[PDB]
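Working notes, structure below.
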Amino acid sequence: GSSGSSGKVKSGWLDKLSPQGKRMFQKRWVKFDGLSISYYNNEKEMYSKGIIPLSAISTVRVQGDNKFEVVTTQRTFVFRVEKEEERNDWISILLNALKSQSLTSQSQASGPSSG
């Protein structure tokens with residue numbers, strides 16, 4: 001165990017679910033540093049806030065096609081990607097940053113392989 005490969009961050013156009021009726025989707029810029037998820041609105045805004053703390057993230061799972069649902073102590077959020085590799089990537093990135101903050105946590109899948 002004690003794995004750790006490159007790729008602890010990720011940033012790209014993501015469709016956030018603002019409304020509560022799957023009536024539409026709003027695209028917003030997202031970026032991960034390693035502590036929290038900072039995602040701002042596509043358009044330039046002022047006096048606005050929108051950051052999800054890694055601690056809030058209780059669990060992560062996949063949804064629909066090329067989509068996933070991120071549960072947060074506050075309110076579950078749904079993020080959609082444009083590529084398959086991304087969908088899986090994002091999740092992994094989070095799960096990886098979740099195990100660091102929480103030892104002996106719920107394991108998803110281990111891949112012991114070097115080169």
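Read the figures in this text as sums done on the coordinates, not as results from a lab. Positions of Cβ are generated from backbone atoms using ideal geometry, with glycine treated the same way; all protein chains shown enter the neighbour counts.
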| task | Hey, could you check region 77-103 for residues that are assigned to a loop (DSSP other than H, G, I, E, B) and either touching a strand residue (DSSP E or B) at 6+ places or on another chain (Cβ under 6 Å) or hydrophobic (A, V, I, L, M, F, W, C) (or both) and say which is farthest from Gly12 (Cα to Cα)? | result | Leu103
| remark: With the first residue restricted to region 1-18 and required to be without any contact (Cβ under 8 Å) to a residue 24 or more places away in the chain, and the second required to be in a strand (DSSP E or B) and not aliphatic (A, V, I, L, M), Cβ contacts under 6 Å at 6 or more apart or on different chains are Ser11/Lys31; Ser18/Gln26
| said: Pull out all pairs, ordered by first then second residue, where Cβ-Cβ is under 8 Å, the residues are six or more apart or on different chains, the first lies in region 96-115 and is touching a residue at least 40 places away in the same chain (Cβ under 8 Å) and surrounded by 11 or more Cβ atoms within 10 Å (Cβ to Cβ), and the second is part of a loop (DSSP other than H, G, I, E, B) and of a type in the set (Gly, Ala, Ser). | reply: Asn96/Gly4; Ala97/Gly34; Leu98/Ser105; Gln101/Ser55
| query | Checking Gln106 against (1) outside any loop (DSSP other than H, G, I, E, B); (2) over 15 Å from the mean Cα position of the chain (by Cα), which test does it fail? | reply | (1)
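Each row is one residue, and each column tells you yes or no for (1) within 10 Å of the chain's Cα centre (by Cα); (2) closer than 26 Å to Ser110 by Cα.
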| position | (1), (2) |
| --- | --- |
| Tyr39 | no, no |
| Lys49 | no, no |
| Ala56 | no, yes |
| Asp89 | yes, yes |
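This table checks each residue for (1) surrounded by fewer than 14 Cβ atoms within 10 Å (Cβ to Cβ); (2) among the small types (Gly, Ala, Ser).
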{"site": "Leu17", "(1), (2)": "no, no"}
{"site": "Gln20", "(1), (2)": "yes, no"}
{"site": "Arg23", "(1), (2)": "yes, no"}
{"site": "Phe32", "(1), (2)": "no, no"}
{"site": "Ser58", "(1), (2)": "yes, yes"}
{"site": "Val62", "(1), (2)": "yes, no"}
| So how many residues does region 19-38 have that are among the aromatic types (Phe, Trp, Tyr) and in contact (Cβ under 8 Å) with a residue 40 or more places away in the chain? | 2
| Which members of region 34-56 meet the condition of being over 17 Å from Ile91 (Cβ atoms) and either surrounded by 14 or more Cβ atoms within 10 Å (Cβ to Cβ) or not charged (D, E, K, R) (or both)? | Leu35, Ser38, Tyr40, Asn41, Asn42, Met46, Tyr47, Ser48, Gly50, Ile51, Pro53, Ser55
| Extreme residue, nearest to the chain's Cα centre (by Cα), among residues of region 91-103 that are aliphatic (A, V, I, L, M) and farther than 14 Å from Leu35 by Cβ | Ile91
